[PDB]
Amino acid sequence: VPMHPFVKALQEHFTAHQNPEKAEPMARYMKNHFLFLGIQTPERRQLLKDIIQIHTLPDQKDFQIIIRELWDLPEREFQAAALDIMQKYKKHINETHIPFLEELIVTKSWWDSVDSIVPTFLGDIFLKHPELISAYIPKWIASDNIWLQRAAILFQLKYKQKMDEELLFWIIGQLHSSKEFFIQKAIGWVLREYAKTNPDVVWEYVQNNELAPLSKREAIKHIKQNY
């Protein structure tokens, strides 16, 4: 049972605003891996805002406590809310929190939580601490955990001109022979996105290095008409 007063307040307020008619299709969309209360993103964020306006944002010493307690609640909106909360503490998040973020990635894993952790929170940490990438990314690739592998692929997704091209291509080469949908698809996504910034090097990469056909097709869907 959650014990932090902020989490208890949030749980009560979310539960009081549940919508069972939305809960069923929301849970089906995530392959019924999770129960849902039936609260979509606009309403979920406003309910969190209500609780912050009443109680104020808890002290930064508590932010991991709060996120952990929310992660253990059954309904999926509590994990989505915990990530909204983590965004409000981002000035206090640094390299010492990478293991905490790893834990969140591999606990109650699915594409919604993992994608909300990786390009923003890990992306920002490794921009400030790029000399720490080698302590994590190769480990994640070798772990055979598909969500840490997707993290290795997508932490640079929002980098645009900051992208470390040789690193991106090494990561992708290490994972290109994965059978896994969420890995093949992440490779396609990150290549398509980076092609918005540096289309010529993505084209050269895709024409000279092996990729699953899903990955290759997705990578080039916007630039192929230029060649």
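For every residue, the number given is its place in the sequence shown, counted from 1.
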{"property": "Given 73 to 81 and 148 to 156, the range whose Cα B-factors average higher in the PDB entry", "result": "73 to 81"}
{"property": "Stretch with the greater mean C-alpha B-factor as recorded in the entry, comparing 112 to 120 against 96 to 104", "result": "96 to 104"}
{"property": "Top residue by Cα temperature factor, when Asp50, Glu193, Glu165, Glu180 are compared in the entry", "result": "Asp50"}
{"property": "From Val201, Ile65, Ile172, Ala186, residue of greatest CA B-factor", "result": "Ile65"}
{"property": "For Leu211, the third of its chain into which the C-alpha B factor falls", "result": "middle"}
